[PDB]
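Q: Submitted below is the structure of interest, expressed as structure tokens.
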Amino acid sequence: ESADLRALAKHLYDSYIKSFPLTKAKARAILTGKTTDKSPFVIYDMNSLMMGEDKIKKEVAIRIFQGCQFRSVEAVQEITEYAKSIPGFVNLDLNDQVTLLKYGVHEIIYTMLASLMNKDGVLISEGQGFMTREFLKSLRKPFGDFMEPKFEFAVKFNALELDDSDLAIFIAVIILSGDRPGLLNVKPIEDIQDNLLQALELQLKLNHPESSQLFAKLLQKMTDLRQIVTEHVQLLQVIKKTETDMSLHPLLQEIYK
Ligand SMILES: CCc1ccc(C(=O)COc2ccc(C[C@@H]3SC(=O)NC3=O)cc2)nc1
Ligand SMILES: CCCCCCCCC(=O)O
């Protein structure tokens, strides 16, 4: 029944709004001058970077990098709260639950990162600030190319014009992979994902009826996520070797194995 699929979609959207304080709908209202929300202080160089705490509640590159790192640990926390709400996920073997998160968590971070980006920069501090792509790329090596592959993806991805009710099901599909390395019981995972994929497919054609093959173009985007993740991992191993004094969160170290 299509009707059970819509109920699942409604359930996941509601759980996505409850788990993530900054939705794409809010992010786009901030980014584009809407009166439902307020304007971000823009950071484009070092003076505005230090002017930035005068509005938004060590060297500059390592400080920015370690805040982006604190934020990621926070998103991991929000993603795990979302994941538990995906029907059947808490019912799986605990070891497989850990494996799905470990491998799914960064692909979801960069999907939702895209909600907070345009070609020019990225919202920070829950929408209160905006950090210019040009500033980030001007950071000293090896940090200037830290964010550029996320912007390249985001610009391509934001072109699909997905909204939060689409994204809620898509990030569920990402978690419930079943081709993840080290999974004990693949088949229960594949059964949950086949359901999510049916819910996503219906959602896309009801919400985007004039968008030809949007289901397939979005599933292809999963290729770009995998490559962002693997590049970021390699870049981190270079930062850790040249910056032996920069501390990495154990939660992120446990995932990066
Ligand atoms: C590289 C892409 C990116 C993503 C998110 C952020 C953020 O920074 C947004 O969320 C925030 C904002 C501000 C801080 C302050 C940090 S935190 C600390 O430990 N000392 C500080 O100055 C922490 C987190 N930046 C960059
Ligand atoms: C985004 C510019 C403000 C820098 C520090 C913001 C507060 C730090 C935090 O929330 O962890």
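Letters A, B, ... mark the chains of the structure tokens in the order given; residue numbers begin at 1 per chain; ligand numbers begin at 1, in order shown.
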Would you mind listing what lies within 12 Å of residue 214 in chain A as JSON, numbers by chain, with only C-alpha atoms counted and same-chain residues fewer than 6 positions away left out?
A: {"A": [157, 159, 160, 161, 162, 166, 200, 201, 202, 203, 204, 205, 206, 207, 208, 220, 221]}
Q: If you keep N, CA, C and O atoms, can you produce a file of those selected residues as an mmCIF file, in the first residue's frame?
A:
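Once written, part_23.cif looks like this:
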data_model
loop_
_atom_site.group_PDB
_atom_site.id
_atom_site.type_symbol
_atom_site.label_atom_id
_atom_site.label_comp_id
_atom_site.auth_asym_id
_atom_site.auth_seq_id
_atom_site.Cartn_x
_atom_site.Cartn_y
_atom_site.Cartn_z
ATOM 1 N N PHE A 157 24.481 19.424 -5.559
ATOM 2 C CA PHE A 157 23.400 18.773 -4.828
ATOM 3 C C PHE A 157 22.220 19.714 -4.639
ATOM 4 O O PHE A 157 21.068 19.313 -4.849
ATOM 5 N N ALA A 159 21.164 21.799 -6.446
ATOM 6 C CA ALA A 159 20.435 21.962 -7.696
ATOM 7 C C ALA A 159 19.261 21.001 -7.807
ATOM 8 O O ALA A 159 18.326 21.287 -8.562
ATOM 9 N N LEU A 160 19.277 19.869 -7.085
ATOM 10 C CA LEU A 160 18.112 18.986 -7.108
ATOM 11 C C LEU A 160 16.885 19.628 -6.464
ATOM 12 O O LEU A 160 15.761 19.187 -6.726
ATOM 13 N N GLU A 161 17.076 20.655 -5.631
ATOM 14 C CA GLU A 161 15.978 21.418 -5.029
ATOM 15 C C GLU A 161 15.145 20.549 -4.085
ATOM 16 O O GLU A 161 13.914 20.640 -4.045
ATOM 17 N N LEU A 162 15.834 19.709 -3.319
ATOM 18 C CA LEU A 162 15.190 18.865 -2.325
ATOM 19 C C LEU A 162 14.764 19.702 -1.130
ATOM 20 O O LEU A 162 15.425 20.671 -0.759
ATOM 21 N N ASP A 166 11.885 15.503 1.711
ATOM 22 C CA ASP A 166 12.676 14.596 0.879
ATOM 23 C C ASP A 166 13.912 14.100 1.637
ATOM 24 O O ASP A 166 14.206 12.898 1.654
ATOM 25 N N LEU A 200 10.865 6.755 -0.258
ATOM 26 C CA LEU A 200 11.551 7.849 -0.941
ATOM 27 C C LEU A 200 11.017 8.028 -2.345
ATOM 28 O O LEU A 200 10.792 9.153 -2.796
ATOM 29 N N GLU A 201 10.827 6.916 -3.056
ATOM 30 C CA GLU A 201 10.410 6.961 -4.453
ATOM 31 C C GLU A 201 9.039 7.610 -4.602
ATOM 32 O O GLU A 201 8.835 8.472 -5.466
ATOM 33 N N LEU A 202 8.085 7.189 -3.769
ATOM 34 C CA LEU A 202 6.759 7.798 -3.740
ATOM 35 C C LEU A 202 6.841 9.271 -3.371
ATOM 36 O O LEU A 202 6.226 10.126 -4.025
ATOM 37 N N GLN A 203 7.599 9.587 -2.317
ATOM 38 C CA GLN A 203 7.739 10.973 -1.880
ATOM 39 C C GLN A 203 8.249 11.862 -3.004
ATOM 40 O O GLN A 203 7.782 12.987 -3.178
ATOM 41 N N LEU A 204 9.206 11.378 -3.783
ATOM 42 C CA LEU A 204 9.801 12.246 -4.784
ATOM 43 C C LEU A 204 8.824 12.517 -5.915
ATOM 44 O O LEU A 204 8.750 13.645 -6.411
ATOM 45 N N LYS A 205 8.052 11.510 -6.330
ATOM 46 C CA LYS A 205 7.154 11.772 -7.444
ATOM 47 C C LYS A 205 5.903 12.533 -7.014
ATOM 48 O O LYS A 205 5.319 13.228 -7.840
ATOM 49 N N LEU A 206 5.503 12.461 -5.737
ATOM 50 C CA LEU A 206 4.397 13.290 -5.255
ATOM 51 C C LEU A 206 4.844 14.725 -4.990
ATOM 52 O O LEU A 206 4.103 15.674 -5.277
ATOM 53 N N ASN A 207 6.052 14.902 -4.445
ATOM 54 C CA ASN A 207 6.574 16.231 -4.146
ATOM 55 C C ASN A 207 7.264 16.881 -5.338
ATOM 56 O O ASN A 207 7.371 18.106 -5.372
ATOM 57 N N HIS A 208 7.740 16.109 -6.313
ATOM 58 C CA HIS A 208 8.407 16.662 -7.497
ATOM 59 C C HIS A 208 7.884 15.955 -8.737
ATOM 60 O O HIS A 208 8.612 15.206 -9.402
ATOM 61 N N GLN A 220 22.345 8.517 -7.410
ATOM 62 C CA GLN A 220 23.685 8.681 -7.977
ATOM 63 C C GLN A 220 24.538 9.626 -7.145
ATOM 64 O O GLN A 220 25.751 9.434 -7.028
ATOM 65 N N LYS A 221 23.924 10.655 -6.560
ATOM 66 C CA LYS A 221 24.648 11.570 -5.680
ATOM 67 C C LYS A 221 25.363 10.843 -4.543
ATOM 68 O O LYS A 221 26.350 11.361 -4.002
#
Q: Residues within 9 Å of ligand 2, counting only C-alpha atoms and all ligand atoms: report them as a list in words.
A: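 Listing the residues within 9 Å of ligand 2 gives residues 41, 43, 49, 50, 51, 52, 53, 54, 55, 56, 57, 64, 67, 70, 71, 123, 124, 125, 126, 127, 128, 129, 130 and 131 of chain A.
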Q: Fewer than 3 positions away in the same chain doesn't count, so skip those; otherwise give me all residues within 9 Å of range 149-151 of chain A, counting only C-alpha atoms, as an NGL selection string.
A: :A and (110 or 113-114 or 117-122 or 133 or 145-146 or 154-156 or 228 or 231-232)
Q: Can you measure CA of residue 38 in chain A to atom 10 (O, counted along the ligand's line) of ligand 1 for me? One decimal in Å is fine.
A: 16.9 Å
Q: Which residues are close to residue 78 in chain A, i.e. within 7 Å by only C-alpha atoms, leaving aside same-chain residues fewer than 4 positions away? Reply as a list in words.
A: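 Counting only the stated atoms, we get residues 19, 20, 74 and 82 of chain A.
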Q: Residues of the last selection are to be written out with C-alpha atoms, as a short mmCIF file (atom, residue, chain, number, x, y, z; two decimals), in the first residue's frame.
A:
data_model
loop_
_atom_site.label_atom_id
_atom_site.label_comp_id
_atom_site.auth_asym_id
_atom_site.auth_seq_id
_atom_site.Cartn_x
_atom_site.Cartn_y
_atom_site.Cartn_z
CA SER A 19 16.29 15.79 15.83
CA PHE A 20 17.88 18.66 13.81
CA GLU A 74 27.42 17.50 17.75
CA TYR A 82 17.45 10.48 14.30
#
Q: Looking at A:68, A:167, A:175, A:105, which one is nearest to ligand 1, with distances taken over only C-alpha atoms and all ligand atoms?
A: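 Result for the nearest residue to ligand 1: A:68.
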Q: Contacts of range 179-185 of chain A at 7 Å or less, counting only C-alpha atoms, minus same-chain residues fewer than 6 places along, as an NGL selection string?
A: :A and (96 or 99-100 or 103)
Q: With distances taken over only C-alpha atoms, which of A:246, A:112, A:158, A:235 is nearest to residue 170 in chain A?
A: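 Among A:246, A:112, A:158, A:235, it is A:112 that comes nearest to residue 170 in chain A.
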